[PDB]
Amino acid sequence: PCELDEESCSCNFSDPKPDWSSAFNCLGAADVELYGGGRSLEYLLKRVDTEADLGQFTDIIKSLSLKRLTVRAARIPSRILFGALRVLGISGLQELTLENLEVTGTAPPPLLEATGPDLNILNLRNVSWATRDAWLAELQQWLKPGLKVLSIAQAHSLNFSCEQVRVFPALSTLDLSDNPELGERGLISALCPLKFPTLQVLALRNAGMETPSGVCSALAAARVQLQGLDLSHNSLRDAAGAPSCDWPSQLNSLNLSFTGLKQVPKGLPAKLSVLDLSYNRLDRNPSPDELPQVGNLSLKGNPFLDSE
């Protein structure tokens, strides 16, 4: 079922009733990967108690060497998900990665506050929830305040009910890459106002973005402040977009690589530390004023450079 190959323990519970004892092998192992194989775990509701204070195990959990957890392909009910979260709370788990999960049913709000792994990194990819516009607000109810990196991919919904969303005090990186249906307007509905006081980096790769100015527009609407913005891998268009917009005053790094650009876009910030404009379709070398003052400029890959 499981296997402690070096630091990893690819604990596999695809088969109906698994050999959980194996799990005790996935102990002392810093990296753990759980593959539910799409198997439903709604039968654990009748078997386990979510308010369980595993006396017998408390010390094990607190002594585990676990640091990076991945949980993929499984139809887990909300109750068991957060149950596990609460349990992990007393462990030293730093990074969590939920993937291809169908979290079902509603769970009651937790009693106390901040019950949860003191995570630095939380990654979600193709996770569906019982509710759909409040899943973020609810998951927050079990998260600690030190979260630094939040990655959300292929969400079925990001149009948050922002009044219920809370402040992410330490969140320095928000990665909404791979949400082809998000869009600039959709981006405004995701970046809840005043909820990312410390954001420094915002990644939006392959997220339906159309123009840098349009994105700047959304950033101003969201009253967001930040240092880096990655827009690589979007199909940016040759268009006016928003004719006027001030970029966040702290913006010093813009990525526009692999966005199929044919012209340098207008409305770029005036001064930048780095501007990655590589692997696009510029057929002419950028003119003087056409570009911002850049400390590090990349144009590698464009047609005008190839001399094949």
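In case it trips you up, residue 1 is the first one in the sequence shown, and so on.
Peer 1: Would 37-45 or 243-251 have the larger average of its C-alpha temperature factors, as given in the entry?
Peer 2: Stretch with the higher mean C-alpha B-factor: 37-45.
Peer 1: Going by the average Cα B-factor in the PDB entry, point out whether 14-22 or 284-292 comes out higher.
Peer 2: So the stretch with the higher mean C-alpha B-factor is 14-22.
Peer 1: Whose C-alpha has the highest temperature factor in the PDB entry: 149, 107, 182, 201?
Peer 2: Reading the PDB entry, the winner on C-alpha B-factor is 107.
Peer 1: For the CA B factor values reported in this entry, which option in 29, 264, 275, 270 has the top one?
Peer 2: So the option with the highest C-alpha B-factor is 29.
Peer 1: Per the entry's values, where does residue 75 land by CA temperature factor relative to the rest of its chain, in the lowest, middle or highest third?
Peer 2: According to the entry, residue 75 has a C-alpha B-factor in the chain's highest third.
Peer 1: Which third, lowest, middle or highest, does the CA B-factor of residue 209 fall in along this chain?
Peer 2: Tercile = lowest for this residue's CA B-factor.
Peer 1: Determine, from the deposited record, the chain-internal third of the Cα B-factor for residue 215: lowest, middle or highest.
Peer 2: CA B-factor rank for residue 215: lowest third.
Peer 1: Taking the C-alpha B-factors as the PDB entry records them, is residue 301 in the lowest, middle or highest third of its chain?
Peer 2: According to the entry, residue 301 has a C-alpha B-factor in the chain's lowest third.
Peer 1: Pull the Cα B-factor of residue 140 out of the PDB entry and bin it into the chain's lowest, middle or highest third.
Peer 2: Answer is middle: the recorded C-alpha B-factor places it there.
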